[PDB]
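Student: Here it is, the structure, as structure tokens.
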Amino acid sequence: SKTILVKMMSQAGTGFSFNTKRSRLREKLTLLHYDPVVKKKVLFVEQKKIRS
Amino acid sequence: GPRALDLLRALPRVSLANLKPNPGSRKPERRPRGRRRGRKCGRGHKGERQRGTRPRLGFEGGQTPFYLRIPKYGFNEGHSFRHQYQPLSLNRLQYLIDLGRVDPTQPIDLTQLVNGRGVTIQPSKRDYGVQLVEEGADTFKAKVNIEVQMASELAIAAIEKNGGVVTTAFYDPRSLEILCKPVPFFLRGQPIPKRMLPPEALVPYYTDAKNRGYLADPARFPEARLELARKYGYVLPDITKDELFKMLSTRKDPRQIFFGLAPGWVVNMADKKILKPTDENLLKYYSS
Amino acid sequence: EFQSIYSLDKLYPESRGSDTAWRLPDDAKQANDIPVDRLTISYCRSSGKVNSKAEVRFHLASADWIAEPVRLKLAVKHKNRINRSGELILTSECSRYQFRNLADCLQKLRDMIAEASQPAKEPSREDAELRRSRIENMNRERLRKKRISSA
Amino acid sequence: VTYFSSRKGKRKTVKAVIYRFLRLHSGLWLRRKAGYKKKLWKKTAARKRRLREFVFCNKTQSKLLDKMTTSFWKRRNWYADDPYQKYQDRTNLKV
Amino acid sequence: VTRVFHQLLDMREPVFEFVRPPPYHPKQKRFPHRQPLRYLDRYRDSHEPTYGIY
RNA sequence: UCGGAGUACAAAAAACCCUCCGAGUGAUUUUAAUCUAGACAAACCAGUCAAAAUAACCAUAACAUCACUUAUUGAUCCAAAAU
Ligand SMILES: [K+]
Ligand SMILES: [Mg+2]
Ligand SMILES: [Mg+2]
Ligand SMILES: [Mg+2]
Ligand SMILES: [Mg+2]
Ligand SMILES: [Mg+2]
Ligand SMILES: [Mg+2]
Ligand SMILES: [Mg+2]
Ligand SMILES: [Mg+2]
Ligand SMILES: [Mg+2]
Ligand SMILES: [Mg+2]
């Protein structure tokens, strides 16, 4: 079992990306992070795969 | 006064036979001769010490050096193109006037400051003039018409309180070298060239009336001057009613370097005469 | 007498006289706020942290450059700064240069008058100390509820 | 370090030092932490903050870098809008 | 309370304030080692820049 | 190369081609912010903690947890990606 590193972009329109380690067999991940640009919790979705 | 001169009458005459250097001025040299400095001469015993083949400076013996394991960042990125301004404090400006180094009767600009040994400008080291700082704004009681290359809000307010005039002008390094050292330029036998325009980066600074820019619209100066007077709570003097209004209103054309001189003029210092061109193309080029 | 295509006369044709830049347009701003000639300005320098204390003192009752409703609202809100003799005292300690200290006092005085001048200006706020102040005030009203003949 | 050059005979400088160090007029040198751009997802929030901070160099490192650069970089510079302009001079140093 | 000092006691009202001790800092070293750039700001006397001979 | 126990009996440090265990990652969601006093550690490079303050959300909310929890990792340059 190998994990995948994916970059998540904010859904608030601001440009903010933080990488998160994810299991390969899992589907697309969607979290609730906290971007300082808007100073409020906003939805984050998986955008790109960078490292395995 | 010099009571030691009385002692010299009794002592013999001073000649080359009896002269001694000041004690301690010449430390003696140590040569590698004798038991002490001998058989090793202060080098060591074997290795790269005694044979003089130690590595370069900053090499830690195969290990990555300290100056190579630090990531590059731009601290001196483009430093050779950043503009530098020599600071002039109002404490020093007051000091120069009190000692007669400069005079407020005559208009003061960068040239008069250099001749007064107030500030030294090196055009080669990317110096674009003198900036006025507000270190001595509280004790500034002089009334001058000073022209600098950069000014602060408090420095301008302090001068305008006494009834002075502050104006900021831009000088190209080609022109600034001529301005700071006029006499050496006049000995090069070349016509006075036009002063170049500020670059696109420095246009807003010299165009706004808040900085008293030389290229600013004069109609907005009186309203900008009163804003400073209101802000700092000092009554704005009526400069037009002073007897030195003609001197205080003197300015320079943006294409002009010195007071009363024009581009294209050749100063023949030997004959104390000024030469002027006559051709239409020469006059147009030096006046456009 | 030298003129070029970049001269001020040829760049701004509307204003050409050299006396234009030194006029005094008193008519443009006739409000004449803060007539500092009637304000008592005192400077006290403390050298050791070096700062210049600049204080502005004036009589609130006789200050005729403010309206009557504004004059009394200053006393209601800023009654903590009012001296015994009715002299409103404002003090600054921010900058070392006394020019900036006096400028800060004038700007602070403008804000005091500006917010008090507007009848509709009545902002409110909630603070951490406001919560306990309300609670300690509510608690002392519990004991006050008894109503029997007093002295 | 070339103590004596073959063209003018003066003392050369090492361009590696200037590209990654800043010299304040007080003698202190400034540098970035090593590894402030590598594997950020792996490091904690506190560790990333520590690596993003400017740091000073001790006496031996400061003395070493003064013998590797010429005297042009030790001059007093008055830059316009320089963030480090206020850090040039030392103050209240009781040694 | 204010009227008591003025009308009754004929006294200028004294006003106090709660003053905390100043923050503690270590002795300043000539060459700070692995310290942030803000190390100089702790021992600064005033934020107004002070020019010397200039 | 990195961690734990003994050698190293009671502050720290302390070696061997010395004696025994491990690590070169998984599981889960509580997805873990910004800024700064003072310190441990250390040749250097690195590593660690951390009050106050600000924002987040019970509207006066910062330790991600578990597996001996301790180790689960790599400096510049350079290259690629949105910056
Ligand atoms: K010897
Ligand atoms: Mg010797
Ligand atoms: Mg010798
Ligand atoms: Mg011998
Ligand atoms: Mg031998
Ligand atoms: Mg040997
Ligand atoms: Mg090797
Ligand atoms: Mg210089
Ligand atoms: Mg220690
Ligand atoms: Mg806290
Ligand atoms: Mg290399």
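Each chain in the structure tokens gets a letter, A, B and so on, in the order shown; residues start at 1 in every chain, and ligands are counted from 1 in the order they appear.
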Neighbouring residues of ligand 10 are defined here as those with any atom at most 9 Å from a ligand atom, counting only C-alpha atoms (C1' of nucleotides) and all ligand atoms; list them as a PDB file with N, CA and C atoms (P, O5', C5', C4', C3', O3' and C1' of nucleotides), in the first residue's frame.
Tutor:
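Printed below is out_15.pdb as written:
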```pdb
ATOM      1  P     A F  51       2.617  28.840  24.731  1.00  0.00           P
ATOM      2  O5'   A F  51       2.208  30.027  25.706  1.00  0.00           O
ATOM      3  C5'   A F  51       2.044  29.788  27.095  1.00  0.00           C
ATOM      4  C4'   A F  51       2.421  30.994  27.918  1.00  0.00           C
ATOM      5  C3'   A F  51       1.646  32.267  27.633  1.00  0.00           C
ATOM      6  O3'   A F  51       0.359  32.290  28.225  1.00  0.00           O
ATOM      7  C1'   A F  51       3.937  32.770  27.725  1.00  0.00           C
ATOM      8  P     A F  52      -0.911  32.745  27.352  1.00  0.00           P
ATOM      9  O5'   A F  52      -0.614  34.272  27.008  1.00  0.00           O
ATOM     10  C5'   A F  52      -0.520  35.244  28.040  1.00  0.00           C
ATOM     11  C4'   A F  52       0.044  36.547  27.534  1.00  0.00           C
ATOM     12  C3'   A F  52      -0.710  37.209  26.393  1.00  0.00           C
ATOM     13  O3'   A F  52      -1.859  37.916  26.821  1.00  0.00           O
ATOM     14  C1'   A F  52       1.597  37.216  25.911  1.00  0.00           C
ATOM     15  P     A F  53      -3.238  37.778  26.009  1.00  0.00           P
ATOM     16  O5'   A F  53      -2.920  38.435  24.593  1.00  0.00           O
ATOM     17  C5'   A F  53      -2.633  39.821  24.482  1.00  0.00           C
ATOM     18  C4'   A F  53      -2.143  40.180  23.102  1.00  0.00           C
ATOM     19  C3'   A F  53      -3.062  39.814  21.948  1.00  0.00           C
ATOM     20  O3'   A F  53      -4.105  40.754  21.754  1.00  0.00           O
ATOM     21  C1'   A F  53      -0.861  39.130  21.443  1.00  0.00           C
ATOM     22  P     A F  62      -7.910  26.768  23.235  1.00  0.00           P
ATOM     23  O5'   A F  62      -6.854  26.404  22.103  1.00  0.00           O
ATOM     24  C5'   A F  62      -5.462  26.619  22.304  1.00  0.00           C
ATOM     25  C4'   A F  62      -4.634  25.634  21.519  1.00  0.00           C
ATOM     26  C3'   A F  62      -3.144  25.954  21.438  1.00  0.00           C
ATOM     27  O3'   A F  62      -2.402  24.736  21.404  1.00  0.00           O
ATOM     28  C1'   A F  62      -4.064  25.902  19.260  1.00  0.00           C
TER      29        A F  62
END
```
Student: Do a neighbour search on region 35-51 of chain D at 12 Å with only C-alpha atoms (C1' of nucleotides), toss out local chain neighbours closer than 6 positions, and write the hits as JSON, numbers by chain.
Tutor: {"A": [5, 6, 7, 17, 18, 19, 20, 21, 50, 51], "B": [69, 70, 71, 72, 73], "E": [34, 35, 36], "F": [32, 33, 34, 35, 36, 45, 46, 47, 48, 49, 50, 62, 64, 72, 73, 74, 75, 76]}
Student: Counting only C-alpha atoms (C1' of nucleotides) and all ligand atoms, what are the residues, protein, DNA or RNA alike, that approach ligand 2 to within 8 Å? I want them as a ChimeraX atom specification.
Tutor: /B:29-31,42
Student: Enumerate residues in contact with ligand 6: an atom-to-atom distance of at most 12 Å, counting only C-alpha atoms (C1' of nucleotides) and all ligand atoms. Format the result as a list in words.
Tutor: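 After applying the 12 Å limit, what remains is residues 44, 45, 46, 47, 48, 49, 50 and 51 of chain B.
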Student: Include C-alpha atoms and write out the residues we just selected as an mmCIF file, in the first residue's frame.
Tutor:
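Okay, part21.cif is ready:
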```cif
data_model
loop_
_atom_site.group_PDB
_atom_site.id
_atom_site.type_symbol
_atom_site.label_atom_id
_atom_site.label_comp_id
_atom_site.auth_asym_id
_atom_site.auth_seq_id
_atom_site.Cartn_x
_atom_site.Cartn_y
_atom_site.Cartn_z
ATOM 1 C CA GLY B 44 55.187 23.905 12.727
ATOM 2 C CA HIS B 45 56.164 20.243 12.410
ATOM 3 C CA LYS B 46 55.247 18.502 9.131
ATOM 4 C CA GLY B 47 51.907 18.595 7.339
ATOM 5 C CA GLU B 48 50.554 21.431 5.250
ATOM 6 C CA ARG B 49 51.597 23.956 7.907
ATOM 7 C CA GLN B 50 55.384 23.688 7.640
ATOM 8 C CA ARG B 51 55.263 23.108 3.873
#
```
Student: For residue 2 (chain C), work out the shell of residues within 8 Å, counting only C-alpha atoms (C1' of nucleotides) and skipping chain neighbours fewer than 4 positions away, then give it as a PyMOL selection string.
Tutor: chain B and resi 253+260+262
Student: Take the residues from that selection and write them out as a tab-separated table (two decimals), in the first residue's frame, keeping C-alpha atoms.
Tutor:
```tsv
chain	number	residue	atom	x	y	z
B	253	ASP	CA	14.71	75.17	-16.36
B	260	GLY	CA	21.81	81.65	-15.50
B	262	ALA	CA	22.32	77.57	-20.88
```
Student: Given a cut-off of 12 Å, what residues near ligand 1 show up using only C-alpha atoms (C1' of nucleotides) and all ligand atoms, put as an mmCIF file with C-alpha atoms, in the first residue's frame?
Tutor:
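Just written: part18.cif:
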```
data_model
loop_
_atom_site.group_PDB
_atom_site.id
_atom_site.type_symbol
_atom_site.label_atom_id
_atom_site.label_comp_id
_atom_site.auth_asym_id
_atom_site.auth_seq_id
_atom_site.Cartn_x
_atom_site.Cartn_y
_atom_site.Cartn_z
ATOM 1 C CA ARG B 31 64.016 37.484 11.959
ATOM 2 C CA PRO B 32 64.258 33.662 12.084
ATOM 3 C CA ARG B 33 67.783 33.519 13.509
ATOM 4 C CA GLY B 34 68.963 32.083 16.812
ATOM 5 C CA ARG B 35 67.767 29.488 19.280
ATOM 6 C CA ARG B 36 64.371 31.107 19.917
ATOM 7 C CA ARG B 37 63.239 31.706 16.326
ATOM 8 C CA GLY B 38 65.200 28.817 14.880
ATOM 9 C CA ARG B 39 64.973 25.244 13.571
ATOM 10 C CA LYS B 40 61.252 25.780 12.993
ATOM 11 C CA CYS B 41 60.931 29.538 12.244
ATOM 12 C CA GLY B 42 57.418 29.552 13.689
ATOM 13 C CA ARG B 43 55.847 27.267 11.074
ATOM 14 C CA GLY B 44 55.187 23.905 12.727
ATOM 15 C CA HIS B 45 56.164 20.243 12.410
#
```
Student: Would you mind listing what lies within 10 Å of residue 85 (chain C) as an NGL selection string, with only C-alpha atoms (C1' of nucleotides) counted and same-chain residues fewer than 2 positions away left out?
Tutor: (:C and (59-60 or 82-83 or 87-88)) or (:E and (6 or 12))
Student: Considering only alpha helix (DSSP H) as DSSP defines it on the backbone, what residues of region 55-173 of chain B qualify? List them as a list in words.
Tutor: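 Result set for region 55-173 of chain B (alpha helix (DSSP H)): residues 90, 91, 92, 93, 94, 95, 96, 97, 98, 110, 111, 112, 113, 114, 115, 153, 154, 155, 156, 157, 158, 159, 160, 161, 162 and 173 of chain B.
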Student: Using N, CA, C and O atoms, can you write the selected residues to a file as an mmCIF file, in the first residue's frame?
Tutor:
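Everything below was put into selection_32.cif:
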```cif
data_model
loop_
_atom_site.group_PDB
_atom_site.id
_atom_site.type_symbol
_atom_site.label_atom_id
_atom_site.label_comp_id
_atom_site.auth_asym_id
_atom_site.auth_seq_id
_atom_site.Cartn_x
_atom_site.Cartn_y
_atom_site.Cartn_z
ATOM 1 N N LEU B 90 18.891 68.859 9.214
ATOM 2 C CA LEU B 90 18.676 70.267 9.517
ATOM 3 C C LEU B 90 19.571 70.752 10.647
ATOM 4 O O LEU B 90 19.837 71.955 10.736
ATOM 5 N N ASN B 91 20.034 69.851 11.515
ATOM 6 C CA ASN B 91 21.032 70.236 12.506
ATOM 7 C C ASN B 91 22.333 70.650 11.834
ATOM 8 O O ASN B 91 22.970 71.627 12.246
ATOM 9 N N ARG B 92 22.745 69.920 10.796
ATOM 10 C CA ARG B 92 23.951 70.299 10.067
ATOM 11 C C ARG B 92 23.703 71.518 9.188
ATOM 12 O O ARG B 92 24.594 72.358 9.019
ATOM 13 N N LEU B 93 22.503 71.631 8.615
ATOM 14 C CA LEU B 93 22.184 72.798 7.800
ATOM 15 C C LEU B 93 22.213 74.071 8.634
ATOM 16 O O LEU B 93 22.695 75.114 8.176
ATOM 17 N N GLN B 94 21.696 74.008 9.861
ATOM 18 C CA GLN B 94 21.811 75.144 10.770
ATOM 19 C C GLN B 94 23.264 75.391 11.160
ATOM 20 O O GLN B 94 23.689 76.542 11.297
ATOM 21 N N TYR B 95 24.037 74.318 11.346
ATOM 22 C CA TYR B 95 25.437 74.461 11.729
ATOM 23 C C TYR B 95 26.247 75.149 10.637
ATOM 24 O O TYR B 95 27.119 75.974 10.929
ATOM 25 N N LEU B 96 25.982 74.814 9.374
ATOM 26 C CA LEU B 96 26.712 75.441 8.277
ATOM 27 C C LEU B 96 26.419 76.934 8.195
ATOM 28 O O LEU B 96 27.327 77.741 7.961
ATOM 29 N N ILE B 97 25.157 77.322 8.383
ATOM 30 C CA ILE B 97 24.780 78.724 8.233
ATOM 31 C C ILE B 97 25.390 79.572 9.344
ATOM 32 O O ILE B 97 25.862 80.689 9.100
ATOM 33 N N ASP B 98 25.398 79.059 10.576
ATOM 34 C CA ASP B 98 25.912 79.836 11.699
ATOM 35 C C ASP B 98 27.401 80.124 11.565
ATOM 36 O O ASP B 98 27.878 81.154 12.054
ATOM 37 N N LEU B 110 22.726 72.143 -4.669
ATOM 38 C CA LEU B 110 23.722 71.113 -4.391
ATOM 39 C C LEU B 110 25.140 71.649 -4.549
ATOM 40 O O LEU B 110 26.030 71.298 -3.765
ATOM 41 N N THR B 111 25.371 72.501 -5.549
ATOM 42 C CA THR B 111 26.717 73.014 -5.788
ATOM 43 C C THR B 111 27.223 73.814 -4.593
ATOM 44 O O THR B 111 28.375 73.661 -4.173
ATOM 45 N N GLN B 112 26.369 74.669 -4.025
ATOM 46 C CA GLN B 112 26.796 75.491 -2.897
ATOM 47 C C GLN B 112 27.080 74.653 -1.658
ATOM 48 O O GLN B 112 27.940 75.017 -0.848
ATOM 49 N N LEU B 113 26.365 73.540 -1.484
ATOM 50 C CA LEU B 113 26.642 72.656 -0.356
ATOM 51 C C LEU B 113 28.013 72.001 -0.485
ATOM 52 O O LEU B 113 28.742 71.876 0.506
ATOM 53 N N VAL B 114 28.377 71.572 -1.696
ATOM 54 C CA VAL B 114 29.675 70.940 -1.899
ATOM 55 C C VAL B 114 30.802 71.932 -1.641
ATOM 56 O O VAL B 114 31.789 71.609 -0.970
ATOM 57 N N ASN B 115 30.675 73.156 -2.162
ATOM 58 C CA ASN B 115 31.707 74.163 -1.935
ATOM 59 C C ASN B 115 31.820 74.525 -0.461
ATOM 60 O O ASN B 115 32.886 74.952 -0.007
ATOM 61 N N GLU B 153 8.339 64.938 4.686
ATOM 62 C CA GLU B 153 7.213 65.786 5.064
ATOM 63 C C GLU B 153 7.589 66.743 6.189
ATOM 64 O O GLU B 153 7.231 67.926 6.152
ATOM 65 N N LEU B 154 8.305 66.251 7.202
ATOM 66 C CA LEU B 154 8.660 67.110 8.325
ATOM 67 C C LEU B 154 9.764 68.093 7.958
ATOM 68 O O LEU B 154 9.774 69.223 8.458
ATOM 69 N N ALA B 155 10.702 67.685 7.101
ATOM 70 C CA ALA B 155 11.754 68.601 6.668
ATOM 71 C C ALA B 155 11.179 69.763 5.869
ATOM 72 O O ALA B 155 11.599 70.912 6.042
ATOM 73 N N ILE B 156 10.222 69.482 4.983
ATOM 74 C CA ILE B 156 9.576 70.546 4.222
ATOM 75 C C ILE B 156 8.787 71.462 5.148
ATOM 76 O O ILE B 156 8.840 72.690 5.018
ATOM 77 N N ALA B 157 8.051 70.884 6.099
ATOM 78 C CA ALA B 157 7.241 71.692 7.005
ATOM 79 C C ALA B 157 8.108 72.602 7.865
ATOM 80 O O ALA B 157 7.738 73.751 8.131
ATOM 81 N N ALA B 158 9.260 72.104 8.318
ATOM 82 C CA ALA B 158 10.130 72.911 9.168
ATOM 83 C C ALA B 158 10.660 74.131 8.426
ATOM 84 O O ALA B 158 10.725 75.227 8.994
ATOM 85 N N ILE B 159 11.051 73.963 7.163
ATOM 86 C CA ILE B 159 11.582 75.088 6.399
ATOM 87 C C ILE B 159 10.476 76.085 6.075
ATOM 88 O O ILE B 159 10.663 77.300 6.205
ATOM 89 N N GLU B 160 9.309 75.591 5.656
ATOM 90 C CA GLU B 160 8.203 76.480 5.316
ATOM 91 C C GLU B 160 7.674 77.239 6.524
ATOM 92 O O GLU B 160 7.011 78.268 6.352
ATOM 93 N N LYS B 161 7.944 76.758 7.739
ATOM 94 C CA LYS B 161 7.522 77.484 8.932
ATOM 95 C C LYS B 161 8.218 78.836 9.030
ATOM 96 O O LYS B 161 7.586 79.846 9.365
ATOM 97 N N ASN B 162 9.516 78.878 8.741
ATOM 98 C CA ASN B 162 10.261 80.130 8.776
ATOM 99 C C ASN B 162 10.046 80.982 7.534
ATOM 100 O O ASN B 162 10.472 82.141 7.518
ATOM 101 N N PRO B 173 23.238 61.049 -13.619
ATOM 102 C CA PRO B 173 24.652 60.918 -13.226
ATOM 103 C C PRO B 173 25.610 61.658 -14.142
ATOM 104 O O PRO B 173 26.631 62.175 -13.671
#
```
Student: Pull out every residue of chain C sitting within 10 Å of chain F, counting only C-alpha atoms (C1' of nucleotides), and send them as a list in words.
Tutor: residues 127, 128, 129 and 131 of chain C
Student: Dump C-alpha atoms for the selected residues as a CSV table (one decimal), in the first residue's frame?
Tutor:
```csv
chain,number,residue,atom,x,y,z
C,127,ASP,CA,-15.9,44.4,25.3
C,128,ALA,CA,-14.6,41.7,27.6
C,129,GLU,CA,-14.7,44.2,30.6
C,131,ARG,CA,-19.5,41.7,30.2
```
Student: Neighbours of ligand 7 at 10 Å or closer, counting only C-alpha atoms (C1' of nucleotides) and all ligand atoms: which residues, as a PyMOL selection string?
Tutor: chain B and resi 61-64
Student: Mind dumping the selected residues with N, CA, C and O atoms as a PDB file, in the first residue's frame?
Tutor:
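Listed below is the output, again-v3.pdb:
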```
ATOM      1  N   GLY B  61      37.904  21.099   4.679  1.00  0.00           N
ATOM      2  CA  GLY B  61      38.407  19.744   4.578  1.00  0.00           C
ATOM      3  C   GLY B  61      37.402  18.744   4.047  1.00  0.00           C
ATOM      4  O   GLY B  61      37.018  17.808   4.753  1.00  0.00           O
ATOM      5  N   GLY B  62      36.964  18.931   2.804  1.00  0.00           N
ATOM      6  CA  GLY B  62      36.050  18.000   2.174  1.00  0.00           C
ATOM      7  C   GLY B  62      34.597  18.234   2.529  1.00  0.00           C
ATOM      8  O   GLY B  62      33.712  18.110   1.677  1.00  0.00           O
ATOM      9  N   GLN B  63      34.341  18.563   3.792  1.00  0.00           N
ATOM     10  CA  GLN B  63      32.995  18.906   4.227  1.00  0.00           C
ATOM     11  C   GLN B  63      32.501  20.134   3.476  1.00  0.00           C
ATOM     12  O   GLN B  63      33.274  21.037   3.145  1.00  0.00           O
ATOM     13  N   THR B  64      31.204  20.152   3.179  1.00  0.00           N
ATOM     14  CA  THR B  64      30.633  21.272   2.445  1.00  0.00           C
ATOM     15  C   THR B  64      30.854  22.564   3.224  1.00  0.00           C
ATOM     16  O   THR B  64      30.509  22.635   4.410  1.00  0.00           O
TER      17      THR B  64
END
```
Student: Pull out every residue of chain D that has at least one atom within 9 Å of chain E, counting only C-alpha atoms, and report them as a ChimeraX atom specification.
Tutor: /D:27-28,30,53-59,62,86-87,90-95
Student: Those same residues, written as a PDB file, in the first residue's frame with N, CA, C and O atoms?
Tutor:
```
ATOM      1  N   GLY D  27      28.997  45.298  11.249  1.00  0.00           N
ATOM      2  CA  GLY D  27      29.821  44.116  11.186  1.00  0.00           C
ATOM      3  C   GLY D  27      29.044  42.818  11.176  1.00  0.00           C
ATOM      4  O   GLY D  27      29.596  41.784  10.782  1.00  0.00           O
ATOM      5  N   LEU D  28      27.783  42.847  11.594  1.00  0.00           N
ATOM      6  CA  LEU D  28      26.959  41.648  11.592  1.00  0.00           C
ATOM      7  C   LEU D  28      26.585  41.258  10.169  1.00  0.00           C
ATOM      8  O   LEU D  28      26.318  42.113   9.323  1.00  0.00           O
ATOM      9  N   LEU D  30      24.022  38.735   7.687  1.00  0.00           N
ATOM     10  CA  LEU D  30      22.663  38.217   7.675  1.00  0.00           C
ATOM     11  C   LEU D  30      22.555  37.097   6.649  1.00  0.00           C
ATOM     12  O   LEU D  30      23.156  37.171   5.574  1.00  0.00           O
ATOM     13  N   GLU D  53      13.013  32.384   9.022  1.00  0.00           N
ATOM     14  CA  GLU D  53      13.479  33.567   9.732  1.00  0.00           C
ATOM     15  C   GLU D  53      14.936  33.875   9.409  1.00  0.00           C
ATOM     16  O   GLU D  53      15.768  32.971   9.304  1.00  0.00           O
ATOM     17  N   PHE D  54      15.239  35.165   9.258  1.00  0.00           N
ATOM     18  CA  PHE D  54      16.618  35.601   9.071  1.00  0.00           C
ATOM     19  C   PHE D  54      17.402  35.426  10.365  1.00  0.00           C
ATOM     20  O   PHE D  54      16.874  35.628  11.459  1.00  0.00           O
ATOM     21  N   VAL D  55      18.676  35.057  10.239  1.00  0.00           N
ATOM     22  CA  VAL D  55      19.517  34.804  11.399  1.00  0.00           C
ATOM     23  C   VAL D  55      20.858  35.502  11.223  1.00  0.00           C
ATOM     24  O   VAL D  55      21.268  35.843  10.112  1.00  0.00           O
ATOM     25  N   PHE D  56      21.537  35.711  12.346  1.00  0.00           N
ATOM     26  CA  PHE D  56      22.863  36.307  12.372  1.00  0.00           C
ATOM     27  C   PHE D  56      23.935  35.223  12.398  1.00  0.00           C
ATOM     28  O   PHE D  56      23.668  34.050  12.663  1.00  0.00           O
ATOM     29  N   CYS D  57      25.167  35.638  12.126  1.00  0.00           N
ATOM     30  CA  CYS D  57      26.315  34.746  12.114  1.00  0.00           C
ATOM     31  C   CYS D  57      27.266  35.109  13.246  1.00  0.00           C
ATOM     32  O   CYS D  57      27.445  36.285  13.574  1.00  0.00           O
ATOM     33  N   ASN D  58      27.884  34.090  13.837  1.00  0.00           N
ATOM     34  CA  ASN D  58      28.751  34.301  14.986  1.00  0.00           C
ATOM     35  C   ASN D  58      30.063  34.947  14.548  1.00  0.00           C
ATOM     36  O   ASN D  58      30.269  35.277  13.377  1.00  0.00           O
ATOM     37  N   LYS D  59      30.968  35.134  15.512  1.00  0.00           N
ATOM     38  CA  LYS D  59      32.177  35.913  15.261  1.00  0.00           C
ATOM     39  C   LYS D  59      33.071  35.246  14.224  1.00  0.00           C
ATOM     40  O   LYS D  59      33.584  35.911  13.317  1.00  0.00           O
ATOM     41  N   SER D  62      31.502  35.591  10.839  1.00  0.00           N
ATOM     42  CA  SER D  62      31.570  36.991  10.432  1.00  0.00           C
ATOM     43  C   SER D  62      32.992  37.387  10.064  1.00  0.00           C
ATOM     44  O   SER D  62      33.214  38.091   9.072  1.00  0.00           O
ATOM     45  N   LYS D  86      17.490  50.895   8.810  1.00  0.00           N
ATOM     46  CA  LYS D  86      17.481  51.207  10.233  1.00  0.00           C
ATOM     47  C   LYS D  86      18.303  50.231  11.063  1.00  0.00           C
ATOM     48  O   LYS D  86      18.591  50.523  12.228  1.00  0.00           O
ATOM     49  N   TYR D  87      18.682  49.085  10.501  1.00  0.00           N
ATOM     50  CA  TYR D  87      19.480  48.095  11.214  1.00  0.00           C
ATOM     51  C   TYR D  87      20.978  48.286  11.017  1.00  0.00           C
ATOM     52  O   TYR D  87      21.761  47.492  11.548  1.00  0.00           O
ATOM     53  N   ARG D  90      24.521  49.955  15.320  1.00  0.00           N
ATOM     54  CA  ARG D  90      24.261  49.362  16.621  1.00  0.00           C
ATOM     55  C   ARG D  90      23.939  50.454  17.635  1.00  0.00           C
ATOM     56  O   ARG D  90      24.293  51.622  17.460  1.00  0.00           O
ATOM     57  N   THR D  91      23.259  50.061  18.710  1.00  0.00           N
ATOM     58  CA  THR D  91      22.836  51.024  19.716  1.00  0.00           C
ATOM     59  C   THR D  91      22.756  50.355  21.080  1.00  0.00           C
ATOM     60  O   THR D  91      22.403  49.177  21.182  1.00  0.00           O
ATOM     61  N   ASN D  92      23.087  51.123  22.118  1.00  0.00           N
ATOM     62  CA  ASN D  92      22.974  50.687  23.511  1.00  0.00           C
ATOM     63  C   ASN D  92      23.726  49.378  23.747  1.00  0.00           C
ATOM     64  O   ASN D  92      23.231  48.449  24.389  1.00  0.00           O
ATOM     65  N   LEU D  93      24.943  49.309  23.214  1.00  0.00           N
ATOM     66  CA  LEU D  93      25.787  48.121  23.320  1.00  0.00           C
ATOM     67  C   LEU D  93      26.842  48.379  24.389  1.00  0.00           C
ATOM     68  O   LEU D  93      27.843  49.056  24.141  1.00  0.00           O
ATOM     69  N   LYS D  94      26.615  47.837  25.586  1.00  0.00           N
ATOM     70  CA  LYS D  94      27.539  47.998  26.708  1.00  0.00           C
ATOM     71  C   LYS D  94      28.447  46.777  26.760  1.00  0.00           C
ATOM     72  O   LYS D  94      28.110  45.749  27.349  1.00  0.00           O
ATOM     73  N   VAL D  95      29.613  46.889  26.134  1.00  0.00           N
ATOM     74  CA  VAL D  95      30.589  45.807  26.145  1.00  0.00           C
ATOM     75  C   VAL D  95      31.698  46.099  27.146  1.00  0.00           C
ATOM     76  O   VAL D  95      31.840  47.227  27.619  1.00  0.00           O
TER      77      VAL D  95
END
```
Student: Can you pull out the residues contacting residue 227 (chain B)? Cut-off 10 Å, using only C-alpha atoms (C1' of nucleotides), and skip same-chain residues under 4 positions away; I want them as a PyMOL selection string.
Tutor: chain B and resi 157+210+221-223+231-233+236
Student: Taking only C-alpha atoms (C1' of nucleotides) and all ligand atoms into account, which residues have an atom no farther than 9 Å from ligand 9? I'd like them as an MDAnalysis selection string.
Tutor: chainID F and resid 40:42
Student: Using only C-alpha atoms and all ligand atoms, pick whichever of B:130, B:102, B:229, B:235 has the shortest atom-to-atom distance to ligand 8.
Tutor: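 Closest to ligand 8, using only C-alpha atoms and all ligand atoms: B:130.
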Student: Just to confirm, what's the straight-line distance from CA of residue 217 (chain B) to CA of residue 248 (chain B) in Å (one decimal)?
Tutor: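 Between these atoms lies a distance of 17.8 Å.
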Student: Leaving out residue 75 (chain D) and any residue of its chain fewer than 6 positions from it, which residues lie within 10 Å of it when counting only C-alpha atoms (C1' of nucleotides), given as a list in words?
Tutor: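 My list of contacting residues is residues 23, 24 and 25 of chain D.
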Student: Residues as selected, N, CA and C atoms, written as a short mmCIF file (atom, residue, chain, number, x, y, z; two decimals), in the first residue's frame, can you do that?
Tutor:
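Written out: part_4.cif:
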```
data_model
loop_
_atom_site.label_atom_id
_atom_site.label_comp_id
_atom_site.auth_asym_id
_atom_site.auth_seq_id
_atom_site.Cartn_x
_atom_site.Cartn_y
_atom_site.Cartn_z
N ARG D 23 25.57 42.13 4.56
CA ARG D 23 26.46 42.68 5.57
C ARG D 23 25.89 44.00 6.07
N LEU D 24 25.61 44.06 7.37
CA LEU D 24 25.24 45.32 7.98
C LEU D 24 26.49 46.10 8.37
N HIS D 25 26.35 47.43 8.43
CA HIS D 25 27.50 48.28 8.69
C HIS D 25 28.08 48.08 10.09
#
```
